Amino acid sequence: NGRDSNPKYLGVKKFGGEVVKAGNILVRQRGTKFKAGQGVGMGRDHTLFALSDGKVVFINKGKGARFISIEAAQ
Amino acid sequence: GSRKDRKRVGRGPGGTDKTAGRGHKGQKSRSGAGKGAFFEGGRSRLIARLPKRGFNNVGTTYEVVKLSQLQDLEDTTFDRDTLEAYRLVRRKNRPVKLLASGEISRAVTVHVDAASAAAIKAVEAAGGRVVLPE
Amino acid sequence: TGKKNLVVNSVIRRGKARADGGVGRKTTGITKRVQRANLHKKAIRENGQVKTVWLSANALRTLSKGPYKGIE
Amino acid sequence: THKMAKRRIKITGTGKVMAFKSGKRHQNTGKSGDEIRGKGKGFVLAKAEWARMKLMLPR
Amino acid sequence: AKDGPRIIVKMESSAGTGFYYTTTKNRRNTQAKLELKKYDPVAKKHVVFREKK
RNA sequence: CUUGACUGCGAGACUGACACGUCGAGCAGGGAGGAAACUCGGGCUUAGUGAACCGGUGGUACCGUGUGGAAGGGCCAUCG
RNA sequence: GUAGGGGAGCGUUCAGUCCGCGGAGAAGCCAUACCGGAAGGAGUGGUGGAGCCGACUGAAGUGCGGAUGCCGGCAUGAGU
RNA sequence: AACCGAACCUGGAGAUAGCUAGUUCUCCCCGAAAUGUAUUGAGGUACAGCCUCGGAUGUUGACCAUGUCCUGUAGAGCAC
RNA sequence: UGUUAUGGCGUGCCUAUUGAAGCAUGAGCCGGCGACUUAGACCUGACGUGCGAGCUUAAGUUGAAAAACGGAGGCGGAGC
RNA sequence: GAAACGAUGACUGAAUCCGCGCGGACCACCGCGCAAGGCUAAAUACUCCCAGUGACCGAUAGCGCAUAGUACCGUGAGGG
RNA sequence: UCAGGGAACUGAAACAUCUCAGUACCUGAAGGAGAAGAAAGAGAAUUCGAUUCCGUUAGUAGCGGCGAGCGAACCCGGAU
Ligand SMILES: [Mg+2]
Ligand SMILES: [Mg+2]
Ligand SMILES: [Mg+2]
Ligand SMILES: [Mg+2]
Ligand SMILES: [Mg+2]
Ligand SMILES: [Mg+2]
Ligand SMILES: [Mg+2]
Ligand SMILES: [Mg+2]
Ligand SMILES: [Mg+2]
Ligand SMILES: [Mg+2]
């Protein structure tokens, strides 16, 4: 049979070198792809959200683990 | 002279004739020509399904009498029970209430039906009296 | 045609499903909504002269317990 | 329309419309506690445009 | 949240002297006799809640 | 070991035509675990669902048609 | 440049003013090589025989190729 | 009473008609849409999206370059 | 200006359409009739006018070649 | 519907002035009223008809009719 | 004008309550007019004081598959 191409959404909401706010949603993910770095929290759905205001740090280690951080802009 | 009498200069435009216009055939091609049924509201679209009750009452309502109004201008004619109609509260239908908005020190004595806290706390600190029905 | 006043003059007929309830039902709802009629009985009496005519059961009671413009 | 008065179509002082949150009202609950307090204040101004017209003259 | 003949249940809730409705989903399967928990009523909060009824 | 499968709230964002939906630092009443930093407003996440309306049920005391009460209604839960 | 929106206007009946024209002849009808960016508007010539332009303002039953549209008149099929 | 799966006439009555057909005087300025979602919805309708006029704002637009990150297609490869 | 001979060019109009010279609808021809209106102390907006933190009257009364009176009431003025 | 009150169709069927009906379930206070008997211009409605006027028509308009419900159609109602 | 009787198409984008609407039609009685009337009342001031009519209250109180929709009265201003 066939049914349901699903809407979902996902993607990475706030990209690198972008200035965010406290409360903005940075990444919408499913599992843990992007680990919350310094300045960054992770919701129960593993959504990455911002604790404080500042600039978006992307950290690439070879993946498997990589990090969304927030460093101050000021 | 009536014949030299001019127009309003831009009060009205002429009306709208849909006869002629060489390629006007009006309204919408199908569907929504000819009907008297158009009707923007209705229970169909997102009004019902909307979840409220509360309950309707709207009881006693009072004349809002600005403090700024009372003070500043006029004489302090000692408003009281009659002259007040000429003071532009004009309602009838309802009793009168006094609330605090503008600030100027004045001795004033007024008969209204009720007042707010900082209203009486205002009128007296500048000196005066505010009466209430017994 | 009765004695005092008149006859017939009738009402419509209502009937309702979800009949009863818990008095505090969900609601009562309707079905019938049709027109209806009314009538009475006739017996033989006379006044001023011998007649038969018709007798309203109320006025039957009345004529029986007293002679107000009529006798049996 | 004249039904919608006590239900919230309600109009503000800025000529906006009060429509908040329906998420679950009476039947079907037993999820969380603040979805239950999820009942809000709120609105949108898209369908507020023709909303007031239901309530129009009686503010 | 649908209901019928089935197992488990949605059982109502109350406190010692305090008046509050938790209404949580219970289950008669493994064990249900004591519905006893600790929940917080009108004012005092801080009480044991017997949801057994 | 326990009843955070909490109450009163939401800075700010994801998403949707709308209605819904989603995540969420943090303030307070307060709790539970830990020596402590601290964590907790259900569950690795993603499905396990349904607007309004009419009604059943517990709580609160606003409306209640001359006035004082009650009937009925309203609001906070909540069941269908 | 199609639905659609915006702007300027042309022409027609009625009405109030204004200016007037007409038996040495009104409107209407007929022709016409002129005028105007268009709707349109004049010039003269022929018909007519009792009335009518121009200007301003206002009001409309106000503009037709269609609707197997309506009333009428007259064609084609045919000297069949 | 010359068309009877319910006669004829007058009437309610301009029945309703998400259907079809038609909708006339000029020029000027712009200028679409047949997508998305919901719909006893599918040739219909509500909201959005795209058109126009007016106001406010006042380069935020547009392309192109530099910087910065995100993506797993083409290719490829055989490490599951 | 009228008529003409020759050359070049040249797929009625409308409607309905993804698409019409269409072998898809309509229509014999010419008159004349013929379709976005009217109403309400309604709702909302644009332009214009009078007063302006005020603004207005309705029924009705009285004069009526002519219009005045009539503040019952309505709308601003406070919100949640 | 918590449904008061008027109104009757069927069964019932009280008081009478330290009395009776009402005041929107019902109770008490507190008010308002006194049913079972009748008549009663005026201000209101309409236009067969007569008068006067009209930004009403003027011979496909205006009433159907510049007189005709006649001719003409139908058994008739009716149409015209 | 009052009275006895009383539709449906239609709206609810389907349809039973509902709306159309006590509308159309039938019938009965009467006049130039009718109807209605001299509070067992409105009404919440211990005000008003027969009926009808206009304004207004007011789309307000309220009615309702609380859907489509329907929609008062007192006060107050009058004609009388
Ligand atoms: Mg068409
Ligand atoms: Mg021959
Ligand atoms: Mg032949
Ligand atoms: Mg032959
Ligand atoms: Mg036959
Ligand atoms: Mg028709
Ligand atoms: Mg055409
Ligand atoms: Mg097209
Ligand atoms: Mg053809
Ligand atoms: Mg051909």
# chains A, B, ... in the order shown; residues from 1 in each chain; ligands from 1

$ residues_near_ligand --ligand "ligand 10" --cutoff "10 Å" --atoms "only C-alpha atoms (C1' of nucleotides) and all ligand atoms" --output "number ranges by chain"
I: 12, 21-23

$ write_last_selection --atoms "C-alpha atoms (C1' of nucleotides)" --output "PDB file, in the first residue's frame"
ATOM      1  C1'   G I  12     -15.651  36.835 -39.279  1.00  0.00           C
ATOM      2  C1'   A I  21     -11.001  31.143 -38.768  1.00  0.00           C
ATOM      3  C1'   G I  22     -12.835  27.071 -36.261  1.00  0.00           C
ATOM      4  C1'   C I  23     -15.857  21.206 -38.805  1.00  0.00           C
TER       5        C I  23
END

$ residues_around --residues "residue 18 of chain E" --least-positions-apart "6" --cutoff "9 Å" --atoms "only C-alpha atoms (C1' of nucleotides)" --output "list in words"
residues 40, 41, 42, 43, 44, 45 and 47 of chain E

$ residues_near_ligand --ligand "ligand 8" --cutoff "10 Å" --atoms "only C-alpha atoms (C1' of nucleotides) and all ligand atoms" --output "list in words"
residues 2 and 3 of chain G; 33 and 34 of chain H; 16, 17, 18 and 19 of chain I

$ write_last_selection --atoms "C-alpha atoms (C1' of nucleotides)" --output "PDB file, in the first residue's frame"
ATOM      1  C1'   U G   2      -7.331  39.464 -19.730  1.00  0.00           C
ATOM      2  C1'   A G   3     -10.121  39.475 -15.066  1.00  0.00           C
TER       3        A G   3
ATOM      4  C1'   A H  33      -4.067  34.326 -10.604  1.00  0.00           C
ATOM      5  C1'   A H  34      -5.263  28.714 -11.902  1.00  0.00           C
TER       6        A H  34
ATOM      7  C1'   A I  16     -16.583  29.595 -23.420  1.00  0.00           C
ATOM      8  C1'   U I  17     -11.199  28.354 -23.063  1.00  0.00           C
ATOM      9  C1'   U I  18      -4.953  24.852 -21.618  1.00  0.00           C
ATOM     10  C1'   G I  19      -6.077  26.335 -26.376  1.00  0.00           C
TER      11        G I  19
END

$ interface_residues --of "chain D" --to "chain E" --cutoff "12 Å" --atoms "only C-alpha atoms" --output "PDB file with N, CA, C and O atoms, in the first residue's frame"
ATOM      1  N   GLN D  27     -14.308  18.396  27.847  1.00  0.00           N
ATOM      2  CA  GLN D  27     -14.070  16.976  27.597  1.00  0.00           C
ATOM      3  C   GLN D  27     -12.616  16.709  27.218  1.00  0.00           C
ATOM      4  O   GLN D  27     -11.881  17.641  26.855  1.00  0.00           O
ATOM      5  N   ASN D  28     -12.205  15.446  27.350  1.00  0.00           N
ATOM      6  CA  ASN D  28     -10.897  15.002  26.874  1.00  0.00           C
ATOM      7  C   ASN D  28      -9.746  15.772  27.515  1.00  0.00           C
ATOM      8  O   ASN D  28      -9.136  16.634  26.887  1.00  0.00           O
ATOM      9  N   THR D  29      -9.483  15.502  28.782  1.00  0.00           N
ATOM     10  CA  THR D  29      -8.294  16.063  29.395  1.00  0.00           C
ATOM     11  C   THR D  29      -7.645  15.008  30.286  1.00  0.00           C
ATOM     12  O   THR D  29      -8.087  13.865  30.304  1.00  0.00           O
ATOM     13  N   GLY D  30      -6.629  15.368  31.051  1.00  0.00           N
ATOM     14  CA  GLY D  30      -5.716  14.342  31.494  1.00  0.00           C
ATOM     15  C   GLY D  30      -4.414  14.383  30.721  1.00  0.00           C
ATOM     16  O   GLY D  30      -3.742  13.361  30.606  1.00  0.00           O
ATOM     17  N   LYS D  31      -4.091  15.545  30.140  1.00  0.00           N
ATOM     18  CA  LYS D  31      -2.692  15.856  29.792  1.00  0.00           C
ATOM     19  C   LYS D  31      -2.077  17.142  30.382  1.00  0.00           C
ATOM     20  O   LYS D  31      -2.630  18.230  30.288  1.00  0.00           O
ATOM     21  N   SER D  32      -0.905  16.951  30.980  1.00  0.00           N
ATOM     22  CA  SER D  32      -0.111  17.906  31.778  1.00  0.00           C
ATOM     23  C   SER D  32      -0.859  18.669  32.872  1.00  0.00           C
ATOM     24  O   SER D  32      -1.942  18.255  33.309  1.00  0.00           O
ATOM     25  N   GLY D  33      -0.273  19.788  33.309  1.00  0.00           N
ATOM     26  CA  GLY D  33      -0.985  20.791  34.080  1.00  0.00           C
ATOM     27  C   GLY D  33      -1.050  22.203  33.532  1.00  0.00           C
ATOM     28  O   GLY D  33      -1.970  22.955  33.849  1.00  0.00           O
ATOM     29  N   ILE D  36      -3.416  22.668  30.608  1.00  0.00           N
ATOM     30  CA  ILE D  36      -4.720  22.942  31.194  1.00  0.00           C
ATOM     31  C   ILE D  36      -4.834  24.415  31.576  1.00  0.00           C
ATOM     32  O   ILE D  36      -5.891  25.038  31.437  1.00  0.00           O
TER      33      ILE D  36
END

$ residues_near_ligand --ligand "ligand 3" --cutoff "8 Å" --atoms "only C-alpha atoms (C1' of nucleotides) and all ligand atoms" --output "PyMOL selection string"
chain G and resi 77-78+80

$ residues_near_ligand --ligand "ligand 5" --cutoff "10 Å" --atoms "only C-alpha atoms (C1' of nucleotides) and all ligand atoms" --output "ChimeraX atom specification"
/H:1-4,7

$ closest_residue --among "J:23, J:60, J:29, J:52" --to "residue 34 of chain I" --atoms "only C-alpha atoms (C1' of nucleotides)"
J:60

$ atom_distance --atom1 "atom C1' of residue 75 of chain K" --atom2 "atom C1' of residue 31 of chain J"
19.5 Å

$ residues_near_ligand --ligand "ligand 1" --cutoff "10 Å" --atoms "only C-alpha atoms (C1' of nucleotides) and all ligand atoms" --output "ChimeraX atom specification"
/B:25-30,33 /H:20-23 /I:15-16

$ write_last_selection --atoms "N, CA, C and O atoms (P, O5', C5', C4', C3', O3' and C1' of nucleotides)" --output "PDB file, in the first residue's frame"
ATOM      1  N   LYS B  25     -17.429  43.146 -18.342  1.00  0.00           N
ATOM      2  CA  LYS B  25     -18.588  42.292 -18.013  1.00  0.00           C
ATOM      3  C   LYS B  25     -18.375  41.849 -16.568  1.00  0.00           C
ATOM      4  O   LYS B  25     -17.600  40.921 -16.306  1.00  0.00           O
ATOM      5  N   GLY B  26     -19.151  42.446 -15.664  1.00  0.00           N
ATOM      6  CA  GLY B  26     -18.685  42.751 -14.318  1.00  0.00           C
ATOM      7  C   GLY B  26     -18.476  41.591 -13.370  1.00  0.00           C
ATOM      8  O   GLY B  26     -18.548  40.438 -13.784  1.00  0.00           O
ATOM      9  N   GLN B  27     -18.203  41.902 -12.100  1.00  0.00           N
ATOM     10  CA  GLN B  27     -18.109  40.881 -11.034  1.00  0.00           C
ATOM     11  C   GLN B  27     -17.083  39.737 -11.279  1.00  0.00           C
ATOM     12  O   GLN B  27     -15.998  39.937 -11.828  1.00  0.00           O
ATOM     13  N   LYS B  28     -17.457  38.533 -10.883  1.00  0.00           N
ATOM     14  CA  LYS B  28     -16.576  37.368 -10.975  1.00  0.00           C
ATOM     15  C   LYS B  28     -17.084  36.403 -12.085  1.00  0.00           C
ATOM     16  O   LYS B  28     -18.309  36.254 -12.243  1.00  0.00           O
ATOM     17  N   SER B  29     -16.182  35.765 -12.853  1.00  0.00           N
ATOM     18  CA  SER B  29     -16.620  34.976 -14.025  1.00  0.00           C
ATOM     19  C   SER B  29     -17.729  33.989 -13.656  1.00  0.00           C
ATOM     20  O   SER B  29     -18.888  34.286 -13.903  1.00  0.00           O
ATOM     21  N   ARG B  30     -17.440  32.894 -12.972  1.00  0.00           N
ATOM     22  CA  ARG B  30     -18.565  32.076 -12.525  1.00  0.00           C
ATOM     23  C   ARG B  30     -18.948  32.486 -11.112  1.00  0.00           C
ATOM     24  O   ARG B  30     -18.381  33.427 -10.606  1.00  0.00           O
ATOM     25  N   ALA B  33     -21.737  35.716  -9.111  1.00  0.00           N
ATOM     26  CA  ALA B  33     -22.556  36.666  -9.840  1.00  0.00           C
ATOM     27  C   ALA B  33     -24.032  36.284  -9.620  1.00  0.00           C
ATOM     28  O   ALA B  33     -24.359  35.101  -9.510  1.00  0.00           O
TER      29      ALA B  33
ATOM     30  P     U H  20     -21.590  27.001 -15.213  1.00  0.00           P
ATOM     31  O5'   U H  20     -22.483  27.600 -16.376  1.00  0.00           O
ATOM     32  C5'   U H  20     -22.731  26.808 -17.514  1.00  0.00           C
ATOM     33  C4'   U H  20     -23.799  27.372 -18.407  1.00  0.00           C
ATOM     34  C3'   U H  20     -23.567  28.724 -19.030  1.00  0.00           C
ATOM     35  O3'   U H  20     -22.614  28.688 -20.055  1.00  0.00           O
ATOM     36  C1'   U H  20     -25.841  28.445 -18.470  1.00  0.00           C
ATOM     37  P     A H  21     -21.842  30.035 -20.429  1.00  0.00           P
ATOM     38  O5'   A H  21     -22.971  30.977 -21.044  1.00  0.00           O
ATOM     39  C5'   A H  21     -23.488  30.766 -22.348  1.00  0.00           C
ATOM     40  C4'   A H  21     -24.680  31.652 -22.607  1.00  0.00           C
ATOM     41  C3'   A H  21     -24.418  33.142 -22.628  1.00  0.00           C
ATOM     42  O3'   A H  21     -23.922  33.565 -23.888  1.00  0.00           O
ATOM     43  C1'   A H  21     -26.339  32.676 -21.320  1.00  0.00           C
ATOM     44  P     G H  22     -22.788  34.698 -23.989  1.00  0.00           P
ATOM     45  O5'   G H  22     -23.531  36.021 -23.509  1.00  0.00           O
ATOM     46  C5'   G H  22     -24.365  36.749 -24.404  1.00  0.00           C
ATOM     47  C4'   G H  22     -25.154  37.841 -23.711  1.00  0.00           C
ATOM     48  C3'   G H  22     -24.372  39.026 -23.164  1.00  0.00           C
ATOM     49  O3'   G H  22     -24.012  39.955 -24.189  1.00  0.00           O
ATOM     50  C1'   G H  22     -25.998  38.331 -21.583  1.00  0.00           C
ATOM     51  P     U H  23     -22.629  40.782 -24.150  1.00  0.00           P
ATOM     52  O5'   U H  23     -22.895  41.817 -22.976  1.00  0.00           O
ATOM     53  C5'   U H  23     -24.068  42.627 -22.994  1.00  0.00           C
ATOM     54  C4'   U H  23     -24.278  43.407 -21.715  1.00  0.00           C
ATOM     55  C3'   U H  23     -23.038  43.990 -21.081  1.00  0.00           C
ATOM     56  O3'   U H  23     -22.696  45.204 -21.702  1.00  0.00           O
ATOM     57  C1'   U H  23     -24.396  42.987 -19.423  1.00  0.00           C
TER      58        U H  23
ATOM     59  P     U I  15     -16.582  38.298 -25.632  1.00  0.00           P
ATOM     60  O5'   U I  15     -17.270  36.947 -25.154  1.00  0.00           O
ATOM     61  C5'   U I  15     -18.546  36.953 -24.522  1.00  0.00           C
ATOM     62  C4'   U I  15     -19.159  35.573 -24.514  1.00  0.00           C
ATOM     63  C3'   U I  15     -18.467  34.517 -23.654  1.00  0.00           C
ATOM     64  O3'   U I  15     -18.862  34.558 -22.286  1.00  0.00           O
ATOM     65  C1'   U I  15     -18.895  33.644 -25.809  1.00  0.00           C
ATOM     66  P     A I  16     -17.811  34.253 -21.109  1.00  0.00           P
ATOM     67  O5'   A I  16     -17.421  32.729 -21.323  1.00  0.00           O
ATOM     68  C5'   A I  16     -18.342  31.677 -21.071  1.00  0.00           C
ATOM     69  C4'   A I  16     -17.839  30.351 -21.602  1.00  0.00           C
ATOM     70  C3'   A I  16     -16.494  29.859 -21.091  1.00  0.00           C
ATOM     71  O3'   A I  16     -16.547  29.258 -19.808  1.00  0.00           O
ATOM     72  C1'   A I  16     -16.583  29.595 -23.420  1.00  0.00           C
TER      73        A I  16
END

$ atom_distance --atom1 "atom CA of residue 73 of chain A" --atom2 "atom CA of residue 55 of chain A"
5.7 Å

$ closest_atom_pairs --of "chain K" --to "chain C" --cutoff "10 Å" --atoms "only C-alpha atoms (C1' of nucleotides)" --output "Markdown table"
| residue | atom | partner | partner_atom | distance |
| --- | --- | --- | --- | --- |
| K:4 | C1' | C:9 | CA | 8.7 |
| K:16 | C1' | C:31 | CA | 7.3 |
| K:17 | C1' | C:30 | CA | 6.0 |
| K:65 | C1' | C:29 | CA | 9.7 |

$ write_last_selection --atoms "N, CA and C atoms (P, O5', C5', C4', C3', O3' and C1' of nucleotides)" --output "PDB file, in the first residue's frame"
ATOM      1  P     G K   4     -60.088  33.992  16.471  1.00  0.00           P
ATOM      2  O5'   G K   4     -60.774  32.845  15.600  1.00  0.00           O
ATOM      3  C5'   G K   4     -61.979  32.216  16.021  1.00  0.00           C
ATOM      4  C4'   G K   4     -62.436  31.186  15.016  1.00  0.00           C
ATOM      5  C3'   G K   4     -61.332  30.341  14.398  1.00  0.00           C
ATOM      6  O3'   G K   4     -60.969  29.242  15.217  1.00  0.00           O
ATOM      7  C1'   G K   4     -62.697  31.202  12.684  1.00  0.00           C
ATOM      8  P     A K  16     -37.097  19.462   6.087  1.00  0.00           P
ATOM      9  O5'   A K  16     -37.257  18.493   7.325  1.00  0.00           O
ATOM     10  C5'   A K  16     -37.081  19.017   8.626  1.00  0.00           C
ATOM     11  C4'   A K  16     -37.954  18.310   9.607  1.00  0.00           C
ATOM     12  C3'   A K  16     -37.911  18.910  10.995  1.00  0.00           C
ATOM     13  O3'   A K  16     -39.201  18.829  11.589  1.00  0.00           O
ATOM     14  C1'   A K  16     -36.957  16.703  11.005  1.00  0.00           C
ATOM     15  P     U K  17     -40.137  20.138  11.594  1.00  0.00           P
ATOM     16  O5'   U K  17     -39.786  20.807  12.994  1.00  0.00           O
ATOM     17  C5'   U K  17     -39.792  20.011  14.174  1.00  0.00           C
ATOM     18  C4'   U K  17     -39.113  20.685  15.340  1.00  0.00           C
ATOM     19  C3'   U K  17     -39.191  22.197  15.394  1.00  0.00           C
ATOM     20  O3'   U K  17     -40.445  22.691  15.810  1.00  0.00           O
ATOM     21  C1'   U K  17     -37.006  21.498  15.943  1.00  0.00           C
ATOM     22  P     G K  65     -32.252  25.113  20.931  1.00  0.00           P
ATOM     23  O5'   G K  65     -30.941  24.852  20.072  1.00  0.00           O
ATOM     24  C5'   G K  65     -30.981  24.865  18.653  1.00  0.00           C
ATOM     25  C4'   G K  65     -30.425  23.575  18.113  1.00  0.00           C
ATOM     26  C3'   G K  65     -28.923  23.482  17.910  1.00  0.00           C
ATOM     27  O3'   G K  65     -28.192  23.394  19.117  1.00  0.00           O
ATOM     28  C1'   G K  65     -30.072  22.357  16.162  1.00  0.00           C
TER      29        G K  65
END

$ residues_around --residues "residue 17 of chain G" --least-positions-apart "4" --cutoff "9 Å" --atoms "only C-alpha atoms (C1' of nucleotides)" --output "MDAnalysis selection string"
(chainID B and resid 1:4) or (chainID G and resid 56:57)

$ write_last_selection --atoms "N, CA, C and O atoms (P, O5', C5', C4', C3', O3' and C1' of nucleotides)" --output "PDB file, in the first residue's frame"
ATOM      1  N   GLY B   1     -24.822  85.085  -7.975  1.00  0.00           N
ATOM      2  CA  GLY B   1     -25.601  84.543  -9.083  1.00  0.00           C
ATOM      3  C   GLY B   1     -25.513  83.027  -9.277  1.00  0.00           C
ATOM      4  O   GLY B   1     -24.423  82.487  -9.487  1.00  0.00           O
ATOM      5  N   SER B   2     -26.665  82.349  -9.235  1.00  0.00           N
ATOM      6  CA  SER B   2     -26.742  80.879  -9.283  1.00  0.00           C
ATOM      7  C   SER B   2     -26.021  80.221 -10.471  1.00  0.00           C
ATOM      8  O   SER B   2     -25.543  79.093 -10.374  1.00  0.00           O
ATOM      9  N   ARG B   3     -25.967  80.922 -11.598  1.00  0.00           N
ATOM     10  CA  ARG B   3     -25.337  80.395 -12.802  1.00  0.00           C
ATOM     11  C   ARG B   3     -23.808  80.516 -12.779  1.00  0.00           C
ATOM     12  O   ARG B   3     -23.100  79.762 -13.446  1.00  0.00           O
ATOM     13  N   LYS B   4     -23.312  81.482 -12.010  1.00  0.00           N
ATOM     14  CA  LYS B   4     -21.877  81.682 -11.811  1.00  0.00           C
ATOM     15  C   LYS B   4     -21.419  80.906 -10.569  1.00  0.00           C
ATOM     16  O   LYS B   4     -20.222  80.764 -10.309  1.00  0.00           O
TER      17      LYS B   4
ATOM     18  P     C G  56     -19.733  74.825 -18.977  1.00  0.00           P
ATOM     19  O5'   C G  56     -20.434  75.002 -17.560  1.00  0.00           O
ATOM     20  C5'   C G  56     -19.878  75.878 -16.600  1.00  0.00           C
ATOM     21  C4'   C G  56     -20.888  76.288 -15.561  1.00  0.00           C
ATOM     22  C3'   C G  56     -21.456  75.186 -14.696  1.00  0.00           C
ATOM     23  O3'   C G  56     -20.553  74.751 -13.711  1.00  0.00           O
ATOM     24  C1'   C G  56     -23.177  76.672 -15.326  1.00  0.00           C
ATOM     25  P     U G  57     -20.401  73.188 -13.451  1.00  0.00           P
ATOM     26  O5'   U G  57     -21.614  72.866 -12.488  1.00  0.00           O
ATOM     27  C5'   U G  57     -21.735  73.602 -11.295  1.00  0.00           C
ATOM     28  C4'   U G  57     -23.110  73.508 -10.716  1.00  0.00           C
ATOM     29  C3'   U G  57     -23.688  72.120 -10.611  1.00  0.00           C
ATOM     30  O3'   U G  57     -23.141  71.373  -9.552  1.00  0.00           O
ATOM     31  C1'   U G  57     -25.318  73.560 -11.463  1.00  0.00           C
TER      32        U G  57
END

$ interface_residues --of "chain B" --to "chain D" --cutoff "12 Å" --atoms "only C-alpha atoms" --output "PyMOL selection string"
chain B and resi 39-43+45-58

$ write_last_selection --atoms "N, CA, C and O atoms" --output "compact mmCIF listing (two decimals), in the first residue's frame"
# COMPACT_ATOMS: atom_id res chain seq x y z
N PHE B 39 -22.74 37.15 2.14
CA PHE B 39 -22.75 36.85 3.58
C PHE B 39 -21.41 36.50 4.28
O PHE B 39 -21.15 35.34 4.57
N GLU B 40 -20.57 37.51 4.54
CA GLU B 40 -19.23 37.33 5.14
C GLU B 40 -19.07 36.51 6.45
O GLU B 40 -18.07 35.82 6.65
N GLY B 41 -20.04 36.61 7.36
CA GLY B 41 -19.97 35.87 8.61
C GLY B 41 -20.53 34.47 8.47
O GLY B 41 -20.42 33.83 7.42
N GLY B 42 -21.14 33.98 9.55
CA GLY B 42 -21.73 32.64 9.57
C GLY B 42 -20.98 31.67 10.46
O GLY B 42 -19.79 31.83 10.72
N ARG B 43 -21.68 30.63 10.92
CA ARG B 43 -21.11 29.72 11.90
C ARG B 43 -20.06 28.78 11.30
O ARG B 43 -19.36 28.07 12.04
N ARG B 45 -17.07 29.20 9.62
CA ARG B 45 -15.62 29.35 9.61
C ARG B 45 -15.08 29.99 10.88
O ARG B 45 -15.13 31.22 11.03
N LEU B 46 -14.55 29.14 11.76
CA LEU B 46 -13.72 29.52 12.95
C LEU B 46 -14.22 30.53 14.01
O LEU B 46 -13.41 31.12 14.72
N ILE B 47 -15.53 30.68 14.13
CA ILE B 47 -16.14 31.53 15.13
C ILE B 47 -16.73 30.61 16.13
O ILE B 47 -16.37 30.64 17.29
N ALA B 48 -17.66 29.78 15.69
CA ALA B 48 -18.00 28.64 16.51
C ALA B 48 -16.77 27.79 16.38
O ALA B 48 -15.89 28.10 15.58
N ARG B 49 -16.73 26.70 17.13
CA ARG B 49 -15.49 26.00 17.46
C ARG B 49 -14.61 26.82 18.44
O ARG B 49 -13.69 26.27 19.05
N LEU B 50 -14.92 28.11 18.61
CA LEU B 50 -14.22 28.97 19.57
C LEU B 50 -14.94 29.00 20.90
O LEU B 50 -16.16 29.18 20.95
N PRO B 51 -14.18 28.82 21.98
CA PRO B 51 -14.71 28.21 23.19
C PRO B 51 -15.15 29.13 24.29
O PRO B 51 -14.59 28.98 25.36
N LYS B 52 -16.10 30.02 24.12
CA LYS B 52 -16.42 30.79 25.31
C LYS B 52 -17.87 30.76 25.75
O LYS B 52 -18.78 30.46 24.95
N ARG B 53 -18.04 30.96 27.05
CA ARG B 53 -19.31 31.28 27.69
C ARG B 53 -19.21 32.60 28.50
O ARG B 53 -19.68 33.64 28.05
N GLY B 54 -18.57 32.56 29.67
CA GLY B 54 -18.71 33.64 30.63
C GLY B 54 -20.20 33.81 30.91
O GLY B 54 -20.94 32.84 30.86
N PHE B 55 -20.65 35.01 31.25
CA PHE B 55 -22.07 35.36 31.19
C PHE B 55 -22.27 36.87 31.04
O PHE B 55 -21.50 37.64 31.60
N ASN B 56 -23.31 37.29 30.32
CA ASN B 56 -23.57 38.72 30.14
C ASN B 56 -24.33 39.37 31.29
O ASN B 56 -25.33 38.83 31.77
N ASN B 57 -23.84 40.51 31.77
CA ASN B 57 -24.62 41.34 32.70
C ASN B 57 -24.66 42.84 32.41
O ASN B 57 -25.73 43.40 32.14
N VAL B 58 -23.51 43.50 32.53
CA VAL B 58 -23.40 44.95 32.34
C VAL B 58 -24.39 45.73 33.20
O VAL B 58 -25.37 46.27 32.71

$ residues_around --residues "segment 1-18 of chain A" --least-positions-apart "2" --cutoff "6 Å" --atoms "only C-alpha atoms (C1' of nucleotides)" --output "number ranges by chain"
A: 26-29, 55-56, 58; H: 68-69

$ closest_atom_pairs --of "chain I" --to "chain B" --cutoff "7 Å" --atoms "only C-alpha atoms (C1' of nucleotides)" --output "CSV"
residue,atom,partner,partner_atom,distance
I:36,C1',B:18,CA,6.3
I:47,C1',B:11,CA,5.9
I:48,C1',B:11,CA,3.8

$ interface_residues --of "chain A" --to "chain F" --cutoff "7 Å" --atoms "only C-alpha atoms (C1' of nucleotides)" --output "ChimeraX atom specification"
/A:22-25,30-31,43,45-47,49,51

$ atom_distance --atom1 "atom CA of residue 6 of chain E" --atom2 "atom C1' of residue 49 of chain F"
17.6 Å

$ residues_near_ligand --ligand "ligand 6" --cutoff "10 Å" --atoms "only C-alpha atoms (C1' of nucleotides) and all ligand atoms" --output "VMD selection string"
chain H and resid 13 to 17
